[PDB]
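S.K.: Sequence and experimental coordinates follow.
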Amino acid sequence: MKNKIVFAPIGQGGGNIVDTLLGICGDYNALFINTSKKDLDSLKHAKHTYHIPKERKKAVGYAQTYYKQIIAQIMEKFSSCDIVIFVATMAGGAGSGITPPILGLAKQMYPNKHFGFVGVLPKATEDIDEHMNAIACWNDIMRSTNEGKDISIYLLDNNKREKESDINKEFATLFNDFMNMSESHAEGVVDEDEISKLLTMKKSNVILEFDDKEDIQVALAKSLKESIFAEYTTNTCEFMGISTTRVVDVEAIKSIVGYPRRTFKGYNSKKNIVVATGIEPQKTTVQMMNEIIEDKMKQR
């Protein structure tokens, strides 16, 4: 359920992502966190903000003394929320520098809550500092979460669309569609408890929607190729959720998406959606940024 989730976007990019999601559905909770007051003030749908009194060194310096106040803000207002999802543009100063410590610190302080992370990787065309922030952000998150085993990760890739705004809109749609798989229907449905289980599964999650039209293997292949989520190279996941307008061949979906150890299947009247959770974190895709850094450094 949407009310049991609280988002903690940190920095400009993350805020835009959560602001966009809330514009599609406001049933979620959110505390927007930022060093920039202008950014907070320019949010359209922010009921709760916390201002901290591109440069991650500076973001970090201002926020350090406040990590515990920040965590307390979240827990004061949204202590009834069992799922806390931090959201950051990994190339951003505050997003890259502040999110890992706060997430690492919150996980230790609230061992019974589930934590997740939505991170956006920068386009290949971005410059060195941007990639360096994203890499450092990833590494700090890995180091604090047992290489991604202690949290769920939604890793987005700005290379996959022309405008950031398209990544944002699409993620909001996919995530909200994911949460709507419980919408009553005859007959089979993906239970709310199963949606919960998919939400609380650790490591990497990927959400796919595919065309009701063409061959199901072809449609899912298009969906993966065009996916706004960072590419993954493994072939297994942990729990898979499937909600489709018609009867489908579940073995063919697993064939393209990954082989789960457990599946929850259901139907809905609107879309065809696969949620794959527990995927090994996309180290290979992230590590490509190192090749970008090398090449841009060569230029200098």
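M.R.: Good, I have the coordinates. Numbering: from 1, shown residues only.
S.K.: just the strands in the protein please.
M.R.: For the chain, strands defined by DSSP state E occupy the ranges 5-9, 29-30, 32-34, 49-51, 83-89, 114-121, 152-157, 203-209, 239-244, 262-267, 273-279.
S.K.: mind putting the ones you listed in a markdown table, distance to residue 96 and mean neighbour count included?
M.R.: Every C-beta, even on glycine, is put in place using the N, C-alpha and C of the backbone. Rendered in a markdown table, the data for the strands of the chain read as follows (distance: least, CB to CB, whole Å; neighbours: other CB atoms under 10 Å):
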| stretch | distance to residue 96 | mean neighbour count |
| --- | --- | --- |
| strand 5-9 | 13 | 25 |
| strand 29-30 | 20 | 24 |
| strand 32-34 | 13 | 27 |
| strand 49-51 | 18 | 16 |
| strand 83-89 | 7 | 27 |
| strand 114-121 | 9 | 24 |
| strand 152-157 | 14 | 23 |
| strand 203-209 | 19 | 23 |
| strand 239-244 | 30 | 23 |
| strand 262-267 | 34 | 18 |
| strand 273-279 | 23 | 25 |
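S.K.: In TSV, list those along with distance to residue 59.
M.R.: Written out in TSV, the entries for the strands of the chain read as follows (distance: least, CB to CB, whole Å):
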stretch	distance to residue 59
strand 5-9	14
strand 29-30	20
strand 32-34	10
strand 49-51	13
strand 83-89	11
strand 114-121	15
strand 152-157	20
strand 203-209	25
strand 239-244	35
strand 262-267	39
strand 273-279	29
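S.K.: hang on, isn't residue 51 packed against residue 38?
M.R.: No. When contacts are counted by CB atoms under 8 Å, residue 51 is not listed as touching residue 38 (10.2 Å).
S.K.: and residue 234, how far is that from residue 285?
M.R.: Taking CB to CB, to the nearest Å as the measure, residue 234 falls 11 Å from residue 285.
S.K.: Repeat that for residue 119.
M.R.: 12 Å.
S.K.: ditto for residue 27
M.R.: In this structure, residue 27 and residue 285 are 31 Å apart, going by CB to CB.
S.K.: of those two, who's got more company?
M.R.: Per other CB atoms under 10 Å, whichever of residue 27 and residue 285 has more neighbours is residue 285, with 17 against 12.
S.K.: returning to what we had before: common neighbours of residue 119 and residue 285, please.
M.R.: In the contact map built from CB atoms under 8 Å, 6 or more residues apart in numbering, the residues linked to both residue 119 and residue 285 are residue 155.
S.K.: now residue 220: how far from residue 206?
M.R.: Going from residue 220 to residue 206 by CB to CB gives 11 Å.
S.K.: what residues do those two have in common as contacts?
M.R.: Overlap between the neighbourhoods of residue 220 and residue 206 consists of residue 257, taking contacts as CB under 8 Å, 6+ apart.
S.K.: Next, the buried residues of stretch 6-20.
M.R.: Of all the residues in stretch 6-20, those buried under the rule 16 or more other CB atoms under 10 Å are 6-20.
S.K.: Dump stretch 2-10 to CSV, restricted to CA.
M.R.: The C-alpha coordinates for stretch 2-10 follow below in CSV (Å, rounded to 0.1, in the frame of the first residue of the first chain):
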residue,chain,number,x,y,z
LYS,A,2,1.1,3.5,-0.9
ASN,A,3,0.5,5.0,2.5
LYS,A,4,3.1,2.7,4.1
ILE,A,5,5.8,4.3,1.9
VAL,A,6,7.7,7.5,2.6
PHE,A,7,10.1,8.9,0.0
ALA,A,8,13.1,10.9,1.0
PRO,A,9,14.3,12.7,-2.2
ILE,A,10,17.6,14.4,-1.6
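S.K.: count of residues packed around the residue lying closest to residue 109 once chain neighbours are set aside?
M.R.: Nearest-residue entry for residue 109: residue 71, 6.4 Å, with adjacent residues in sequence omitted and distances by CB to CB, 6 or more residues apart in numbering. Using other CB under 10 Å as the criterion, residue 71 is surrounded by 18 other residues.
S.K.: same question, the one 3 residues further on
M.R.: Residue 74 is flanked by 25 other residues according to other CB under 10 Å.
S.K.: No further queries at this time; thank you.
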